[PDB]
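Understanding the architecture of this molecule
Chain residues, written in single-letter form:
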Amino acid sequence: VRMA
Amino acid sequence: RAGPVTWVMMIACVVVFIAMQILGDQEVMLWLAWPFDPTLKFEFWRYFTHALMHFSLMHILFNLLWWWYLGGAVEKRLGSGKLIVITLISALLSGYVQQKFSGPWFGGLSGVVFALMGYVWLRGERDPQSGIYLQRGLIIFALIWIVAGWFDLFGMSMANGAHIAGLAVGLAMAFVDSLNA
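Header annotation of the entry names X-ray crystallography as the structure determination method and lists the resolution as 2.40 Å.

This is how it looks when you write it as structure tokens:
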């Protein structure tokens with residue numbers, strides 16, 4: 001997942 | 001700092017995060033993430049609820065810190081409405097661009113946060129009388145933060161589209177806002  | 005929208009947002013992020021610890025990240029993601037399937041495109045909350053999800057104590061605390069500090073200032077000096085509008089536009093646009101960059105599996109309030117960073121700095125610069133501003137002492141760290149995501153700092157997979165989109169959006173809103181009054 002990518003962390004904003 | 002003691003603003004309702006400021007706190008209502010911090011409360012939601014903490015609720016959702018706790019929910020993520022009980023149910024697991026993925027299970028919350030299937031409901032809150034940006035639509036991965038155009039079939040799901042009418043589940044409208046997903047365009048905004050991605051902002052609520054965090055994947056580490058560090059992720060959330062670091063985001064809420066900035067949010068409290070920057071969100072607070074806009075709420076206090078400029079009202080709760082201006083904050084909401086900033087939050088909704090940037091959660092909508094930075095989600096939108098992030099999905100394009102690397103797909104629908106992301107979350108966090110940093111999109112809204114760079115929009116607040118962009119806004120407070122551009123607005124303090126062009127409209128000092130608005131009583132908000134950002135230390136050059138922070139727009140550095142902001143610039144380091146954004147470019148550090150470009151290099152995936154020590155394995156940290158950052159939503160690079162979210163940051164830049166959010167940043168851009170705040171600057172546009174602050175520039176537009178610094179022409180009126």
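And the narrative resumes.
A few points about the interface of chain A and chain B
Residue-level contacts link 4 residues of chain A with 21 residues of chain B. Approximately 930 Å² of surface area, both sides summed, lies buried where chain A meets chain B, with 59% of it carried by carbon and sulfur atoms. Per-residue buried area on chain A facing chain B is highest for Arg-2, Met-3 and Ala-4 of chain A; these three make up 81% of the total on that side. Put simply, chain A and chain B have 1 salt bridge between them. Scanning the region where chain A abuts chain B turns up 10 residue pairs in polar contact. In the side of chain A that touches chain B, the residues fall into 3 nonpolar, no polar and 1 charged. As paired strands, strand β1 (residues 2-3) of chain A and strand β1 (residues 106-107) of chain B are joined by 2 bridges and run parallel to one another. Bridge pairing links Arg-2 of chain A to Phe-106 of chain B in β1 of chain B.

Focus: the side chain of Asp-177 of chain B
Residues and elements named next belong to chain B. For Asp-177, the position within the fold is in helix α8 (residues 160-177). For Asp-177, a relative accessible area of 15% puts it in the buried group. Not counting residues up to four positions away in its chain, the partners in contact with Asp-177 are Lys-82, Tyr-119, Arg-123 and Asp-127.

Some thoughts on the pattern of salt bridges
Residue and element names in this part refer to chain B. Following the criterion strictly, the structure yields 5 salt bridges over all chains and no others. Note that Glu-43 and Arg-46 form a salt bridge whose closest N and O atoms lie 2.6 Å from each other. The partner of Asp-177 in a salt bridge is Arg-123, with the nearest N and O atoms 4.0 Å apart. Taken as a pair, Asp-177 in helix α8 and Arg-123 in helix α6 (residues 110-126) lie far apart in primary sequence, 54 residues in all. Sharing partners across several salt bridges, the network here consists of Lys-82, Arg-123, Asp-127 and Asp-177.

A word on the packing of helix α5 (residues 80-102) of chain B against α8 of chain B
Residue and element names in this part refer to chain B. Here α5 crosses α8 at 145°, and the two axes come no closer than 8 Å. The crossing of α5 and α8 is right-handed. In this structure, α5 uses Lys-82, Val-85, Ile-86, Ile-89, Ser-90, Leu-93, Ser-94, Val-97, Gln-98 and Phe-101 to contact α8, whose residues at the interface are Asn-160, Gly-161, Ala-162, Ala-165, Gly-166, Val-169, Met-173 and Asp-177. Looking at the contact of α5 with α8 residue by residue, the class counts come to 10 nonpolar, 6 polar and 2 charged.

As for the packing of helix α4 (residues 57-78) of chain B against helix α7 (residues 136-150) of chain B
All names here are of chain B. Their axes nearest at 14 Å, the elements α4 and α7 cross at an angle of 145°. In this structure, α4 meets α7 at a crossing whose hand is left-handed. Of the residues in α7, those touching α4 at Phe-62, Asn-63, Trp-66 and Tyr-69 are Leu-138, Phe-141 and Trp-145. For the contact of α4 with α7, the residue count by class is 6 nonpolar, 1 polar and no charged.

Rules of the game
Residues numbered from 1 in each chain as written, not as in the entry; some residues may be left out. Chains lettered and ligands numbered in written order. Heavy atoms only, no water. Contact = heavy atoms within 4.5 Å. Buried area = accessible area lost by both parts, 1.4 Å probe. Salt bridge = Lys/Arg side-chain N within 4 Å of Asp/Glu carboxyl O. Polar contact = N/O pair within 3.5 Å; in protein donor to acceptor, adjacent residues only side chain to side chain. Nonpolar A, V, L, I, M, F, W, Y, C, P; charged D, E, K, R; others polar. Pairing = 2+ DSSP bridges. Helix = DSSP H or I, 4+ residues; strand = E, 2+ residues; numbered from the N terminus. Buried < 20%, exposed > 50% of the residue type's maximum accessible area, 1.4 Å probe, protein only. Axes fitted to C-alpha atoms, helices over the stretch in contact; angles between N-to-C directions. Left-handed = near helix turned anticlockwise from the far one by under 90°.

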